[PDB]
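Novice: Could you have a look at this structure, given as structure tokens, before my questions?
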């Protein structure tokens, strides 16, 4: 029991923690974006401005200019683990040490359930426009002049109160991912191991909790889609055609190719006849075994 | 970036703010309280009671000790605490937390007044060195100098026939000891608990900023102060004043009680001003009690 032993133990724990948190199978990175923040809240400007280029010259020819803002209000999360009542000074530390690398792996994927919490409750979150995220009055600009006129359509699909499960169609080719991920501080490791410490005289359960600050938000509304009707080949083709047909101001094509698909496990049967068979479904009949292969997450 | 220099700067700034706020805290208890310093856990006051005087010296010296029993104030302590949440410290939101320490210091400085007035408002159900509350109807007064023999009924509490109103007090401060004595074992102290590896960094991140004090207040002698829930009228004030003035100690010796100040709740300030503080009455006649007492408004008595 010497300070050198404490230093070596802290170094070993730091190495073990740093080994994890890096190779975790992150899925939020596909739909989220890493942004370095510095304050407790970040405001937004434009919300539906597709960045594109025009023939005319100068570097000042056309642009949308920003609108009212949208804040993130970064939140906070934490984990904690430790049992060292008998591990220390007993040669039993060989265990309780490699098992927490899984804790690091799981904690590193937390943004996944955070983005899925936003995804599931997208209809109950206020949008900068004023109405629900999946409303039927999404503004569309006929011309670039102030606030000329905002026409709209029934953007998404929903039947007349027919039972079903909500499956979402997402895209990730554009780095303007539909969701946002703002982080103030990266996860940190704290060691309270202090010989004969006032509050750690209690056996030797040396607390090794961590601290982190981050949150997620909404980006583009058009990049994401939803469908609660019965999952069918005709309905799938309808959804794909509706999403691909989307056009921005001026009627200029977008080339938006959907890449990600999210389906609940209950609909997994249909999500498997749609993907994985080249004989009768997504095959002989309306072959569609190319894009938006189902990922079948379960954090919802 | 967080360094020990910033923590030291925060500590010194907080100390400066706390001391500045505490130094300029209004003092009100000093008017109707006596400060007696102590260096022990408790003190005994058995000298309350019979009023020392001069005698004819018929051939002996009359000395008095005090009963083996004591008042036994049994001083206690008080505290307060405030947090910072440790979340805006990194954001550099130093504009806030400046006047918070000022408010904390003002509250600490003003606490003794609240304690004194809370004790005073409990004078109906809190005993004095005698076996009767500070305001009662059957105070015992002896007919002998030594303090023995059949006693008589004495009352310093006046109440109406029905529908009693707010309570007001008439006290005296001319004498050496005021009716209430407020002890001070240790001056209010502050402790800046700002560390990166101390408790409440795990329970819930926030820095401990609290103060500790050891003080208590107790009654003096009931011969001066009095209470009356009746309406503050000219007749009521006159009767209370004349009853207080016409007081006789054990052995039938006058005390020469000269009431000094009148304490009323904030809701009776208008009545107190009408009774005392106006040269002419409502009808237009000179007051017979103008400038007789010094009205002292207070909010601690509701």
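Novice: List A:46, A:167, A:56, A:221 from most exposed to least, where exposure is judged by having the fewest other Cβ atoms within 10 Å.
Specialist: A:56, A:46, A:221, A:167
Novice: Still on this structure: Restricting to DSSP H runs of at least four residues, report the calculated mean residue ellipticity at 222 nm for chain B, -39500 (n - 2.57) per run over all residues, nearest 500 deg cm²/dmol.
Specialist: -7000 deg cm²/dmol
Novice: In whole percent, what relative contact order does the range A:249-292 give with Cα contacts below 8 Å and a gap of six or more residues?
Specialist: Relative contact order of the range A:249-292: 34 percent.
Novice: How long are the three semi-axes of the equivalent ellipsoid of the range B:1-136, in whole Å, if each is the root of 5 times an eigenvalue of the C-alpha gyration tensor, listed from largest down?
Specialist: They are 49, 16, 14 Å, listed largest first.
Novice: So, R0 is 22 Å and r is the distance between the beta-carbons of residue A:62 and residue A:140; what FRET efficiency does that work out to, to 0.05?
Specialist: 0.85
Novice: Could you calculate, for the range A:197-276, the ratio of the Cα radius of gyration to the Kirkwood radius, expressed as Rg to Rh?
Specialist: Rg/Rh for the range A:197-276 comes to 1.33.
Novice: With viscosity set to 0.692 mPa s at 37 °C, what whole-number translational diffusion coefficient in µm²/s follows for chain B from Stokes-Einstein and a Kirkwood radius over Cα pairs?
Specialist: It diffuses with D of about 144 µm²/s by this estimate.
Novice: At 4 °C and 1.567 mPa s, grab the translational diffusion coefficient of the range A:179-223 from Stokes-Einstein with a Kirkwood Rh over Cα pairs, rounded to a whole number in µm² per second.
Specialist: Using the Kirkwood radius from Cα pairs, D works out to 95 µm²/s.
Novice: Binned at 20 Å from 0, what are the whole-percent values of the Cα-Cα distance distribution for the protein assembly as shown, short to long?
Specialist: The percentages, shortest bin first, are 14, 27, 23, 21, 13, 3, 0.
Novice: Next question, about the same structure. Over all alpha-carbon pairs of the range A:134-269, lay out the pair-distance distribution in 5 Å bins, whole %, shortest bin first.
Specialist: Once binned at 5 Å, the Cα pair distances of the range A:134-269 give 2, 7, 12, 14, 13, 11, 8, 6, 5, 5, 5, 4, 4, 2, 0.
Novice: Here's a follow-up. Out of all DSSP beta bridges in the protein assembly as shown, what portion is antiparallel? Express it as a percent rounded to 5.
Specialist: In the protein assembly as shown, approximately 75 percent of DSSP beta bridges are antiparallel ones.
Novice: Another question, if that's okay. Rg to Rh ratio, the range B:62-138, alpha-carbon atoms and Kirkwood radius?
Specialist: Reported Rg/Rh, Kirkwood definition of Rh: 1.28.
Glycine gets a Cβ as well: all are built from the backbone with ideal geometry, and neighbour counts include every protein chain shown. Bear in mind that the values in this text are calculations on the coordinates, not laboratory data.
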